[PDB]
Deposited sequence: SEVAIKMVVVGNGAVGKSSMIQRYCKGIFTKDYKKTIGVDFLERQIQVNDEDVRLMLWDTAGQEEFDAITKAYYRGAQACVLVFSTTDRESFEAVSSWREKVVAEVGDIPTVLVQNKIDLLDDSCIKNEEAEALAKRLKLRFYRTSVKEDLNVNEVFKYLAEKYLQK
């Protein structure tokens, strides 16, 4: 048998949420300005602690109350994403954490700074990001979906945290 885990990936527009889901589940990254997923989630079968696990990664479309409720319904873990090159996306992180708690509760959550390959154009100081993760008591990953750096670790950690 297998354990199914619904995970939500949230954050401001263009931080790389759709790309992150496509990378993890399909192993691909294209150079398009915006990535789209035409179904509610992509999935990947993995092994965690000698258990078959079906991860279902739900991608946001962009919300009205019923849309928000359907997206978060039954969510079991959360990736909170901001972008190295988008200051507003970083400043919104605390509000995203509050929003996920409001919509589903205090589910296992990880903080991800995506686009770390664009470090020369970074709008975030390393110390600021570290302080935010410490204040929110969240594990923090610096990630590049484009270069496949610290993507797999995000989902493995959340799956382990959910099962443990």
| property | result |
| --- | --- |
| Deposited-sequence segments unaccounted for in the coordinates | 63-64, 167 |
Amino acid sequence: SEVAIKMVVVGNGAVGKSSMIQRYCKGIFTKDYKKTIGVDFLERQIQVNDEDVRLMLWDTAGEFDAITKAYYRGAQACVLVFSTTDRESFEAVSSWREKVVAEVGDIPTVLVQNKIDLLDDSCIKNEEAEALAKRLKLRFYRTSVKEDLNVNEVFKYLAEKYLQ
From here on, numbers count along this sequence of modelled residues.
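Between two forms, the rigid core is the largest collection of C-alphas that superpose within 1.5 Å.
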item	value
More shifted region, core-based fit in 4 other deposited structures of this protein, 25-33 vs 126-134 by CA	25-33
Test item: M56 lacks coordinates in at least a third of other entries	no
No coordinates for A66 in a third or more of the other PDB entries	yes
Residue range whose averaged C-alpha B-factor is higher in the record, 119-127 or 50-58	119-127
27-35 versus 93-101 - which carries the larger mean C-alpha B factor in the record	27-35
Most elevated Cα B-factor in the entry, residues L136, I107, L42, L111	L136
Lowest, middle or highest third - CA B-factor, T84	middle
Chain-wide C-alpha B factor ranking for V3, given as lowest, middle or highest third	middle
